[PDB]
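Protein chains in written order, with the entry's author numbering: chain N, 352 to 389; chain K, 4 to 389; chain B, 1 to 432; chain E, 1 to 451.
The C-beta atom is built at its ideal place from N, Cα and C for all residues, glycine as well.
Working notes for the structure below.
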Amino acid sequence: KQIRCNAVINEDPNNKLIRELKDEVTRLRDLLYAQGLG
Amino acid sequence: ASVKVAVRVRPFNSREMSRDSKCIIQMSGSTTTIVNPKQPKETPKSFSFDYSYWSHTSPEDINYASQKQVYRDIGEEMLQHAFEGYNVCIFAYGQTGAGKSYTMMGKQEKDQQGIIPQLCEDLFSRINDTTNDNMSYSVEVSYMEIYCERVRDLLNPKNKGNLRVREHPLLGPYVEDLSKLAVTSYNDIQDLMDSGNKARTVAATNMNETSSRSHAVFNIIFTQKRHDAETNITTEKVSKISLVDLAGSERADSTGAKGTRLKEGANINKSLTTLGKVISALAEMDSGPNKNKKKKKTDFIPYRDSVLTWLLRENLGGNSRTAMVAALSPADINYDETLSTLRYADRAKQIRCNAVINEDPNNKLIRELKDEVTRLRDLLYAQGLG
Amino acid sequence: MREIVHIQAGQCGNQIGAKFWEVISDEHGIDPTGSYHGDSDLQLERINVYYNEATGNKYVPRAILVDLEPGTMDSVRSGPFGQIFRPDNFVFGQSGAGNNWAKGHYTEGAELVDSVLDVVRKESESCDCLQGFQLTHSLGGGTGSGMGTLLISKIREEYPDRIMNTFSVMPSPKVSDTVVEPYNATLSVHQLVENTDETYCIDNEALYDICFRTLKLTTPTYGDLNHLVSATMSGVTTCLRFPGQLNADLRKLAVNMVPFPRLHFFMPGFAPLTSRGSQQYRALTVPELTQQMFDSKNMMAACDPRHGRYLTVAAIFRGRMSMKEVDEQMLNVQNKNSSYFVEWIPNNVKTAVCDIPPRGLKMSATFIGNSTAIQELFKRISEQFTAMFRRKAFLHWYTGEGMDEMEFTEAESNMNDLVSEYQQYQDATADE
Amino acid sequence: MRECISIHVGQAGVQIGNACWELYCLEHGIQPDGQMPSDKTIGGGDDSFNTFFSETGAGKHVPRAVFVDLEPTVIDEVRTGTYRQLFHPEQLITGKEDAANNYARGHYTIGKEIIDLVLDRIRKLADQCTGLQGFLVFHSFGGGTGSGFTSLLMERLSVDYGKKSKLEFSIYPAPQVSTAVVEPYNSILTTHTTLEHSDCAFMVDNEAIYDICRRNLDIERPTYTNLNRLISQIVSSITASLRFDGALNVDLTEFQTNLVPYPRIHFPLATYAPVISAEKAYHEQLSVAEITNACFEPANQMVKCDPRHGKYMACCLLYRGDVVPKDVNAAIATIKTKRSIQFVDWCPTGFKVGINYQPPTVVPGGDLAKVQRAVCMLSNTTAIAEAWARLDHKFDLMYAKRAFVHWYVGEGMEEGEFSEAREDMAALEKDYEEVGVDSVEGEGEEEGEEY
Ligand SMILES: CC(=O)O[C@H]1C(=O)[C@@]2(C)[C@H]([C@H](OC(=O)c3ccccc3)[C@]3(O)C[C@H](OC(=O)[C@H](O)[C@@H](NC(=O)c4ccccc4)c4ccccc4)C(C)=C1C3(C)C)[C@]1(OC(C)=O)CO[C@@H]1C[C@@H]2O
Ligand SMILES: Nc1nc2c(ncn2[C@@H]2O[C@H](COP(=O)(O)OP(=O)(O)OP(=O)(O)O)[C@@H](O)[C@H]2O)c(=O)[nH]1
Ligand SMILES: Nc1ncnc2c1ncn2[C@@H]1O[C@H](COP(=O)(O)OP(=O)(O)NP(=O)(O)O)[C@@H](O)[C@H]1O
Ligand SMILES: Nc1nc2c(ncn2[C@@H]2O[C@H](COP(=O)(O)OP(=O)(O)O)[C@@H](O)[C@H]2O)c(=O)[nH]1
Ligand SMILES: [Mg+2]
Ligand SMILES: [Mg+2]
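Written as C-alpha cells, this is what we have:
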C-alpha cells in the first residue's frame, strides 16, 4: 500500500524571519492607513 | 562628506641654504599665501585649506606644528571615524623632497614620529582600555608598494615577484596573495613597519639623499566584535585604514637622474599625472552634479589608466573618508612646483565622498524590518489601536 | 638598424603569416629557396628588418610559428614557401585547445610557452637594435586567443620598452563559425587592452564585403582575405625598409594615433582596389586614393565611421607624388567632413610618404583610423556575452580548466569601461 | 596521430562495424586482406592514416577495433567472411549463451569472465597509441548484451582512463515497431549509465531510416545493410576532420565544447543531407544551400521527433567536398531568418562550422549516388524529450503489474533498481524542460536606477 509521502520542505530561518517581518510591517501599515494614521 | 585637506610647509635643506634661501610661503590660521619671487608687484595669491601646518621655525610658538599637532588634528579624527565603522584613508602629496615620508613615517629613533606610528599607538591603546568580557577587537596589517606598475609585498620579502591585481564585483579592486598578518601588540606592528621600511626601494638623488622610488600603501583591517546572548551584532564593524605615501614628481635637470633612475622618475611622473587627472575630474563632476543642477547623465573618471588610481578607487571617491596631506618647500627656486601642489590641493577640497557602515546585508534587512515593526507598533499603541 | 620579430599563433595567424611572407619575399625579390634574384639595389639595403642572413648568401625570415595542433604546421611546410622558414622555429605540441580559451591560456599553453619564449629570446638577442614585435592571431578561437595573450603578457614583462603590434581577426555579427566566440573574444580583449601598444581590428564580414562589392569577385576564399590583410601589414611598416620624402616609424604612428593609453584599436584600410577590369577607366592619382581611403565601404573592421568621430587617422602613401597635393587633400577631407573629427585635436591627420611603390603599381596608400565607432563592435560582443553568462551556457568547460566566474566578471567590466571611454568623446559639443 | 579506438558490442554493433570498416577500407585504399597496393605502386605515403589502422613492418594494416558479443554466431560470420584476414584473430566472443534480452544477465551474471579480457585487449590497443583522442562505442538499446555489457564496459573505462572522450552511437527503440517485448526495461535501465559515463550520445531510430530509404532512395524493401551503410557514412563524416585536410577542421573535443551546454544534456540528433538515388542525382543541383536546408527538414531526421515542437540549443555542420565558406555563411544566414526554426535566447551564436576537402566515397553495390558536396548536421535540441516520454509510458504500463520482472531478479537484480532508473529518467526529462524555457522577462526582473 505505497502511499503519497509529500516532501519535507520547511522554513529557512533568515528567509522565514524576513518574510514574517515583511508581512507584519504590511499588516501594521495597512491598519494605520485604514484608520487615517498614515 | 568632503575630502579633508591639510598642507604643511617644511624648513630648509642643505641644497637650499647653499643656494638662495629666501622663503615665499607665509601662513596664518587656515590661510596660506604664496608670493612669486620673480614678480614682487603681483598679488600674493592665497589659498584656504582645512588645515595648515608651519614647521619652519622649531623653537618659536608662532603657530608651530610638531608631529603631534598634525596627528591630533588629522589622525585622531580619522581613527575616531574608524571606530565609528567607516573606511578611512590618509594620503600624502607634493613634489620630491617635501616631507611625505617624514609626515607619514618620520624618524623612529626620536620623539618626532610619523602619522602611522602614532595612529597605531593610539589604536592599540584604545583597544587595550576598552577591552571587556563581551567586547573584543582584532587587527591585521599589510603593506604593499608600487614600483614600476608592479605590486610588491613588503612584510614578506621572500615573495620576490609581482602580485596580481583583481576586481571583486562588490568590494572593488584588491591585490591577490597579499601577506596580511595578524598582530597583537605594538611591538609586533613596530617590527612589521621596520621590516617594511627596510624592504622599500630607496635611492639617492641630488634633490633628496633618500628619495623614494615607489608608491607605498599601509593597510590596517580592524574588526570590532560585540557578542551577547540576546542578538548583539557579532563582528559588527569592519574598517580599513589606508595610509598612503606617494613618490614625488621629479625634473630630470634638477634630479640629475640617469639610466634606471630616469626610468623610475618617468614611471613616477606618469602615475602622478594620472592621479592629478583623476583628482581634477572627480572634482569637476561632483561640483557640477552638486552645483549645476542634478542631471547626473554620465561622467567618466579614468581610474584604469594606472595601477595606483586603480587600487585607490574607493579612497579617492566612493566608499571612504579620505584626507590629503600636501607637503610644501619654502625655497624660492621651487616656486613653480609648489604652486602646482597647492592648486591640486584646492581641487582636492572640492571632491566629495559617500561612505556608509558595513554589515551583513541579510542582517541589515532584518534589523531594518525589526525597526519598522517597532515604529509601527509604537504608532498603533499611541493611537489606541495596538 | 630597426628590426622586427614576427610571431604567428593558430590556424588564422599561421595562414595570414604565410601569405604575408609570400608578399614580403616577392617585394624584396627573394626566391622560395631563400636566394636573392631582384633587380633594384634598394631591395637589399634594408633586408635585415625581417630577414636574417645565412652562410650561402641566403635569407631566412625572422618568424616564429606557434600552434597546438600539428596539422596547420604541415600545411605551411607543404606549400609554395614552406622551405623558406627554418625548422627550429616550428614550435608545436599535441591535444589542441579545442576552441577553449582556458586550455590555450592556462592548461596546455602553459607548457609550450617556455619553448616559444626560448625561441623568441634567441631571435631577439641577435638583433642589432630591436624595434618591436607583431602577432597575428584570431580572437574568436582557442589556441590563437589564449596563447597569443599569454605570449604578449610574457613579452611585455620581458621587453617593456619595445613596441607590441597585433593584427587580430575578431568575431563578426553575422558570420559566426564557433558557438563560444563571445567568451574567447571578451577575455582576449581584456588582456589586449592592458598589454599592447597597437591593435589593428580585422573582420571577415568587412573583407567579404570588400571582395564582393569592390573587387567584384564571385568566389572569394580565405586566400584573398589573407591577401588584403598582408597588403595592410606591408603598408604599415613600409617606411622602415625604403626611403621617402617624409618617413614614419612605428613609434611615430603610435604617438600620433594614441591620445590616451587605452584607446589604441585601429581600423585599417588599403587603396587602390579596382576589380581587374575597371582599372582601365579610373585614373590613378592622389585625389582618387584619398577618395577611396575614407570611404565607408573600404574599411576592414565592419564599423561605419559615420556613426562616431575620428580621434585620429594616419595615411601612408607609396609612390612618386607631390607633398602639396597630399597636404591639400587631407586638409580638404578634414574641412568638408567637419562633423566626423573631434574639435580638441587640431590637424588630427598624420601623413607619411614613401618613394618606392609596390611592384606592379605606380601609386598606393594605406589607412589607419582611430575612431569611436569601434565601440559598436565591443558592445555587440558584450551583449552576446551577457546572453550566455546569465544562464552559464557553457561555463563548465572553462571552470574545469582552472578558471572562475570572477575572471569573466572582471573581463566584462573592463570591456564595458573601455566602451564608455570611447563613448565619452563620441557626441559633439564638448568643444574648446 | 589522432587515433581513435572503436568498440562494437552486440549484433547491431557488429553489423554497423562491418559497414563502417568496409567504408574505411575503401576510403584509404586498403584491400580486404590488409595490404595497400597504392603505397607499393607509388613508393610511400601517408595513406595508412593512424586514426583507424595500425601499420606493421610487413606492410599489413590491422584496424583499431574491438568486437564483443555473447553469441558466437554474429562474429563467426566475420571470422570466415570476406574480411577474415583483416582483423586480429582475438575477437572476444564468449563461448556461452547470450544475455537473452536481459539487462541483468549481461551486466551481473554472464558479463563477468568476458569483461577482463575485453579491458586487457583495450589496454593493449591503447598502449600502441600516441595521442589517443577518444572511444567510439556502438551498441543498441533494448538488447541484453548491448545494454548491460555496454553499461559495465563504460563504467570500467570511466574508472580506468577517465579524461578521454567517449562518444556513443546507439539505436534507440522506435515508437511503434519493435523486435522484443522487453525493450523498455532494458532501455530505462541503461539510461542510468549512459547519462553519467558518456560524453556525447548520438541516437538513431530505425523507423526514421526506413522512411528516409522509402522516400529518398526509392527502396521499397530495405534491410539492415542500408541502415548500417547510412550510419557508416555519418560516422565517417564525423571523423573525417582528423584524417584529411580542410579549410576548417573540427576535432572531437570541439564537438563536446560546442554542442554540450551542460553535462546532462549531451544527447544530440544527427542528420545527413544529400541522401539521394543515382537516378534522382540528376535533375538536381546539390548546392550548399539545398543540403543545408534539407538538414533542417523534419522529414529527414533520423529520430522520430519533430524539431518544430522544441528549440535548438546548438548546431554543428560538417561539410565535405567542393564547398567554400561564403556559401556556408549565406546558408546559415538564410536559416537564421526562418521563423519555424527557433533557437534558445541564451545562445545567440548557435552554429559551429567545419569544412573538409575529401568528398564522400561510394560503396559498390550501395544505393547512394556519387555527389560532389555533402553535409552532416548534429543538433542538440529539446525535441528529444518527446522521444523519451513515449518510452516512459510504455515502461509504466508493464511495471504496474510487474510483468517480466522475475527474469531480472533471478539474474542478480532487485526490484528497487527499476524505480531508481525511472526516477533518474524523470530528472533528466525535467532538466530539458528547464533549459528550453525562455529567460525570465528582463532577467534581472526590471531595473533603472537614477542616471
Ligand atoms: C595590371 C596589373 O598589374 O594588375 C593588377 C590589378 O589588376 C589589381 C586589381 C590588383 C590585383 O589583385 C587582385 O586581383 C586581388 C584579389 C584578391 C585580393 C587582393 C587583390 C593583382 O592580382 C595583384 C597585383 O599586385 C601586386 O603585385 C602588388 O605588388 C601586391 N602583391 C601581390 O599581390 C602579390 C601576389 C603574389 C605574390 C606576392 C605578392 C602588393 C600590394 C601591396 C603591398 C605589397 C604587395 C597587381 C599589380 C595586379 C594583379 C596581378 C591582377 C590589386 O592588388 C593589390 C591588392 O595590390 C587588387 O586591387 C589592386 C589594384 C590593381 O589594379
Ligand atoms: N540499425 C540496425 N539495428 C539493428 C541491427 N541489428 C539489430 N538491430 C536492433 O537491435 C535491437 C535488438 O538488440 P540486439 O542488438 O539484437 O541485442 P544483441 O546484440 O543481440 O544482444 P543479445 O540480446 O544478448 O543477443 C533490435 O530492436 C534491432 O532493431 C542492425 O543491423 N542495424
Ligand atoms: N615639517 C617638517 N619638519 C622638519 N623636517 C621636515 C619636515 N618635512 C620634511 N622634513 C625633512 O625634510 C626632508 C624632506 O622630507 P622627505 O620626507 O624625505 O620628502 P619625501 O617626498 O618623502 N622624499 P621623496 O621620496 O623623494 O618624495 C627630510 O629630511 C625630512 O626629514
Ligand atoms: N581571414 C581568415 N580568417 C580565418 C582563416 N581561418 C580561420 N579564420 C577565422 O578564425 C576563426 C576560427 O579561429 P581558429 O583559427 O580556429 O582559432 P585557433 O583554433 O586557436 O587556431 C573563424 O571565425 C574564422 O573566421 C583564414 O584563413 N583567413
Ligand atoms: Mg619619500
Ligand atoms: Mg544477439
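Taking residue i as part of the alpha helix (DSSP H), name the residues at either end of that continuous run.
| i | result |
| --- | --- |
| residue 340 of chain B | Looking at the DSSP string, residue 340 of chain B is not in any alpha helix (DSSP H), and its letter there is neither H nor E. |
| residue 225 of chain B | 222-236 |
| residue 396 of chain B | 395-399 |
| residue 405 of chain B | 405-424 |
| residue 313 of chain K | 310-314 |
| residue 343 of chain K | 338-353 |
| residue 383 of chain B | 374-389 |
| residue 211 of chain B | Counting along the chain, residue 211 of chain B falls outside any alpha helix (DSSP H), and DSSP gives it neither H nor E. |
| residue 377 of chain K | 364-385 |
Could you spell out where the beta strand (DSSP E) holding residue i opens and where it closes?
| i | result |
| --- | --- |
| residue 321 of chain E | 312-321 |
| residue 57 of chain K | 54-57 |
| residue 64 of chain E | No beta strand (DSSP E) holds residue 64 of chain E; DSSP gives it neither H nor E. |
| residue 294 of chain K | Unbroken run through residue 294 of chain K: none, as it is neither H nor E. |
With burial defined as no fewer than 16 other Cβ atoms inside 10 Å of the residue's Cβ, what is the status of residue i: buried or exposed?
| i | result |
| --- | --- |
| residue 221 of chain E | exposed |
| residue 295 of chain E | buried |
| residue 239 of chain B | buried |
| residue 107 of chain E | buried |
| residue 261 of chain E | buried |
| residue 1 of chain E | exposed |
| residue 299 of chain B | buried |
| residue 171 of chain B | buried |
| residue 312 of chain K | buried |
| residue 159 of chain E | exposed |
| residue 331 of chain B | exposed |
Since residue i and residue j should fall inside the 8 Å C-beta cutoff, what is the C-beta to C-beta distance between them, to a whole number of angstroms?
| i | j | result |
| --- | --- | --- |
| residue 200 of chain E | residue 259 of chain E | 7 Å |
Inset, instruction - Mind listing which residues have their beta carbon within less than 7 Å of any non-hydrogen atom of ligand 7? Chain order is fine. - result: Of the ligands this structure carries, namely ligand 1, ligand 2, ligand 3, ligand 4, ligand 5 and ligand 6, none is ligand 7.
Inset, instruction - Could you tell me whether the stretch 379-390 of chain B touches the stretch 338-349 of chain B, using the rule of 3 or more Cβ pairs below 8 Å? - result: no
Legend entry - Three or more C-beta pairs below 8 Å linking the stretch 324-333 of chain E and the stretch 223-243 of chain B: no
Inset, instruction - Mind listing, in chain order, the continuous alpha helix (DSSP H) runs of no fewer than 4 residues lying wholly within the stretch 104-132 of chain E? - result: 115-127
Legend entry - Minimum length 4: unbroken alpha helix (DSSP H) runs contained in the stretch 241-268 of chain E: 252-259
Legend entry - Segments assigned beta strand (DSSP E), at least 3 residues, entirely inside the stretch 24-59 of chain E: 53-55
Legend entry - Contact the stretch 5-17 of chain E vs the stretch 208-216 of chain E: 3+ CB pairs below 8 Å: no
Legend entry - Ranges of the beta strand (DSSP E) found wholly within the stretch 214-283 of chain K, counting only runs of at least 3: 218-229 and 241-248
Legend entry - Within the stretch 364-405 of chain E, ranges of the beta strand (DSSP E) (whole runs, at least 3 residues): 373-381
Inset, instruction - Tell me the start and end of each unbroken beta strand (DSSP E) in the stretch 45-74 of chain B that is at least 3 residues and wholly inside, in chain order. - result: 51-54, 58-61 and 63-66
Legend entry - Contact between the stretch 165-172 of chain K and the stretch 238-255 of chain K (3+ Cβ pairs under 8 Å): no
Inset, instruction - Would you check if the stretch 324-334 of chain K and the stretch 363-373 of chain K touch, i.e. whether three or more CB-CB distances between them fall below 8 Å? - result: no
Legend entry - Complete runs of the beta strand (DSSP E) confined to the stretch 179-215 of chain K [at least 3 residues]: 184-186
Legend entry - Stretch pair the stretch 403-416 of chain E + the stretch 295-311 of chain E: three plus CB contacts closer than 8 Å: no
Legend entry - contact_flag[the stretch 125-139 of chain B, the stretch 160-168 of chain B] where n(CB pairs < 8 Å) is 3 or more: yes
Inset, instruction - Within the stretch 60-97 of chain K, note down every full alpha helix (DSSP H) run reaching 4 residues or more, in order along the chain. - result: 70-73 and 79-86
Legend entry - Stretch-stretch touch, CB-based, cutoff 8 Å, three pairs: the stretch 311-329 of chain K with the stretch 345-357 of chain K: yes
Inset, instruction - Please determine if the stretch 190-208 of chain E and the stretch 264-278 of chain E are in contact, where contact requires at least 3 C-beta pairs separated by less than 8 Å. - result: yes
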